[PDB]
Structure formats: C-alpha cells, structure tokens
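Before any questions on binding or motion, here is one chain by itself as structure tokens, the form deposited in one PDB entry.
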C-alpha cells in the first residue's frame, strides 16, 4: 500500500531490500545514456513489473522483447508478494537502445532481497498477539475500538515497585507485561549495509520498559533493551521465518501532561557512509495505552474486609467478625505508629485491567509531614500494586485524606452513560478561599478519565470528608441502588416526636462513662437554640450537596434515603459529629455494618437504631450496628477505628467506554 521511490542508477546496478507490504516506483529515465530512445526490460519470476505511462499501468512479462519510448513520465512499478530465500534471484533489468539498431547500448538493473518485517501487538484486545493488525498504529475507544493495552507494573514480585527500576528477575513477573513480537521472514542474512533497530522517544523513555527473554546456558535471562537511558536497541537478525518475543511494562499512570499513550518503533536502517546518519528504509509502529487506575463503588461484590483498631477494642472486633461471618468475605485485621483511621484515610483500593491480566492497586494518600511521612508500603506485594502522588509546593490538608475520596455506582446522566460510575471528592466553594484536595491528586484522578470526577462540598465539615455525609447501598434483589444522605432535619423531627411522646428525658450516650456527667437528653438537645441554628445551616450544606449529586449522578428523590444525623459547630464554623455518623457504613451486599449511634433510649432500644432499621429493613437490607466507641468511654466527634473493603472489579471493560473529548 505504501509506495517507495527506488531509482535505477546511470550505468550502475542498484541493490535494495524490499519490505513486503510496500511497493516501488522506479525511474528508468535518469539512468538512460544520453541519446537513448527506447528501453526494454526483463524480470525474475517473483518480481511483478508494470510499465506506467501517465498513470496507465501495464503488466510486463519476465522476458519480453517489448520496447517503450523513454520519457520522464514513463516509469516502472515493482511489486513482490513473497520473501526472498537463498534460492532466489530477484531482479529487474532494463536495456536501453538508441535510434539506429536493436542491440542494447547499455543496461541498468535492480537486484532485490525481499523480507517481511512486522512489529505485532494484541491490538484487537483478545490476549493473543495477532499478525500485523492494520490498526495497531492507533488507539481507539469503545466496543469497536482497537489498539494494545499496557499495565503499569506497580506491584512487587520479590520482597519499591517493580517499575522503579530496569531489572527483571522471575518468570512470574513477565505475566504483568504485554507481549510484543517482531516477526521477520527472509534469507540467511540481511544484505550488506542494513540493520534492524527497535526504538522509542526520549519522552516515552520514562513511561515504558522493554525486556527480551533469552535462554543461555546457565538459565533464563531477561535483558532490558528500551526504557530509561536506552532509546534504541540493535536487533540480531535471523533468517527463515523468525519471531523475537519482547515484554513491555508501563512505568507511569496517565496524569497531567501524559495522555497514557506511548509508541514503540522498529526500523530497517541503511548504512550510507561514515559520518552520515543511517537512512530509515522502512519503519513500523505500534501504540500502547497505559491502563487507568479505577475505583470500586459499594455496589460491587466485596472480597476482603480490612480493619484497623487498637488491640483491646473487643466489641468492635467481635461485631465486625460477626458481620463478616454473615458473608463470604475474608477479614483482615491490623493493630503502625499513628493514624487510627489510616486503613480508611491513607489508602484507596482500586484496580487495573488489561485483556491478559489485572490486579488490585492501592493508592496512598499524600504525606503532610506532621502525622504521615512514611508511605504505606506494607501492602505492596505480588499482584497487589502501589501508587502515590506527592505535592511539590502545595500543603496537605484533611481534604487529601481518602475518607474524602469515594465513587458512585454506574449512572446515566442526560443520556450519557458512566459504566464505571463517577469519582466524588469534597471541596469548598470557588470564591470561598476554603480547603481543596491537592491539585496533584485531583489531576491524577481526572487523568484516568474513565471515572469522570465530580467535586462535592465537604469544607463545611471540620474533618472535611465526603464519607462523613453520604454513601451508596444496593437495593437487594435488583440492579438498583440508593444514595444515603445524613440529615439533621430528620434527626430533629424524630427527637421532637419522641419529646411529644413523653420521652424528653431519654438520655443519650448510655454506657459511655465519660459522657455521663453531661447528662445529655432529648430535652437538653431541643432546648439549645444556638445548636438548632447550627444544624439548620448544616442541613443547607447537605442539601447543596444533594442537588449536585442529583444533577451529576442523574438521581431523583426516589433514589435517596435520609439518615438522622447531628453536628456541633467548631470555632471555624465547621461541623463535627454530635453522635457517630451512621451514614459511613460497611456495605457488604445486603449486609450493612452501621456505626452504633448511642442515641436516646426509648423502651430500652436506641430510637436512632430503630428509626434506621425502619427505613432500611423494608428494602431487604440487614442492619448490624457496630460499636467502635465504647472502648474509649466517650464520643468527641472522632472515630478511632477504620475499615476498607476490597471489591471485585466491574465486569464492564474500561476500554469499551467512550469518554468525552478532553
């Protein structure tokens, strides 16, 4: 399909390599002796030759005596369909004649060696490397889209991430890598003056690495041939039909300034002379897209439940164990220097996938320098990946914690489907001068593209995390889900009812000895005027979020349930929980671990517990209240335990999505 110029040379024979999949146009006029009138040609059996006059092509016999007028506009088109062997003589010979006489006055010739060269990848995304996919040089989204996929190699095979260096050790490691095969066919050797070279751009050199596995005498060997500080590698040619197998790894996720696309080239180079660069004769290119980091909403099947707490919080552990035992999930428990909530706050479970393989990958929250410096690498291991983003000049705040990072179930909004859901992060109003998650992390999340992030307003909360006020739960037995929203108005309605009912003296925080002297009742709560005003204002903040969520997630009031909540304002005019926030809950399918609220007791049951059950249970959701605060004897608005659930990936393949143009 590609036409290449090869001219005959005046008086001299021309030798050239012909690469299958191309064809030659050949000027015979320049090589004609002065005074020459006509020309004739001969060619071998495996070379097809057409005489082309002003676009009109005529195929010519191997030995014709046919003669044509010499003209600038009369040329040859030369095609070969099969590679040369050692038995080949592939040639075209042109004879020139003058006016008088039929014996040639000169001859010019073209001697050819045909070879096949193809750099192949699995562009059709079935896990196997197909021969020369015509689409391998581009990358397109969607069910009909094409082009190869590369995984960041962020995990660790042998006890930093595998991609932090240029070395490969074990065979298992190669499984994380995408295969790329250089397929060639030809005679025993390349003709003099040619070589085959693999290469990448300087820019891509920190995005990829390429290894070749050789099996020498003493064992299998993995050579790093392209990557950081290696931009090119000269390939050893072997004749006949040969394949060279390479393994490719990504070193970097998509990010600000990096689309995720990288390229690898192979060229056939021709030696000209000393001090003169080699001419690329033929170049073949493949494109990879590096797979994005993807999060998991609460609707996806749970795999493992991770929790952190102090060794002596017994009730919490017994109750979490009890909950998980109702499911098929496994429980993992940890008791680190600091960060009581760290499992929830310092890490987010996500995954990467390619047609041939995938695995969970953990994102690590930025280090402030006050509490967190040490990264959490304790979870870095085989087929568990690690990644992080550290701000250069920007200060870290509470909004950088991953309690502030969540993701919605799959949604359709204005007719646009988001099959992986949408990432949600808390922020402050634009003109507010308030807190915001660091740009480096926001940029990262935006760059993954397939979760199309949305900013909510969390800055009205002292801690500032979206998970304080909202969560999602599946509706059992269906494909649907609900948004759960904290509501102060719901709490006040409930307490006002219980007061009307004669329960005004009902006490909260029963069993927390450090709260006893405060003697906090429903009456005491309802009679506090400033607290009412604080909570009206917090309800306005919640409702502003409700409106953003309904708009950006395509939700109606039918999709939302309000859970009673209550806050107290701090000196910064931000909210901290008055009693534990029930909305932040462990969701394992139909089973919900719900923080125990310690609300007013009516007839020896917590009226907050009974109210939540009455909302959820009719939907087939099973509620277990989990007490994380008793071991501390009081609740000041902070929770000292954390949980994070690792989930199965979406069955929808990310590469089948079609994100909006950026």
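Positions refer to the first chain, counted from 1. The term rigid core refers to the maximal set of C-alpha atoms that superpose within 1.5 Å between the two forms.
According to the entry, the deposited sequence runs straight from residue 369 to residue 370 with no unmodelled residues in between. The modelled chain is continuous from residue 429 to residue 430, with every intervening residue of the deposited sequence accounted for.
As listed in the deposited structure, the average C-alpha B-factor of 199-207 and of 375-383 is greater for 375-383. Note on 10-18 vs 650-658: mean CA B-factor is higher in 10-18. Considering 290, 396, 506, 115 together, the PDB entry gives 396 the largest C-alpha B factor.
Annotation for 493, 233, 356, 500: 356 ranks highest, by Cα B-factor. Residue 590: CA B factor in the middle third of modelled residues in this chain (values from the PDB entry). Ranked against the other modelled residues of its chain, the C-alpha B-factor of residue 39 as given in the entry falls in the middle third. Sort the chain's modelled residues by C-alpha temperature factor and residue 284 lands in the lowest third, per the entry. Annotation for residue 631: C-alpha temperature factor in the middle third relative to the rest of the modelled chain, per the entry. Per the PDB record, residue ranking by Cα B-factor puts residue 403 in the lowest third of the chain.
Another form exists, deposited in another entry; not displayed. Remarks below refer to it.
In a rigid core superposition between this form and the one not shown, 220 is the single residue of 107, 428, 327, 220 whose Cα is displaced by 2 Å or more. With the core held fixed, the Cα of residue 501 is displaced between this form and the one not shown by less than 2 Å. After superposition on the rigid core, the Cα atom of residue 98 is displaced by less than 2 Å between this form and the one not shown. Residue 195 is not among the residues whose C-alpha shifts by 2 Å or more between this form and the one not shown once the rigid core is aligned; its shift stays under 2 Å. Contraction of the residue 238-residue 217 CA spacing by 3 Å or more is recorded in the other form, set against this form. Relative to the displayed conformation, the Cα-Cα distance from residue 229 to residue 214 shrinks by 3 Å or more in the other form.
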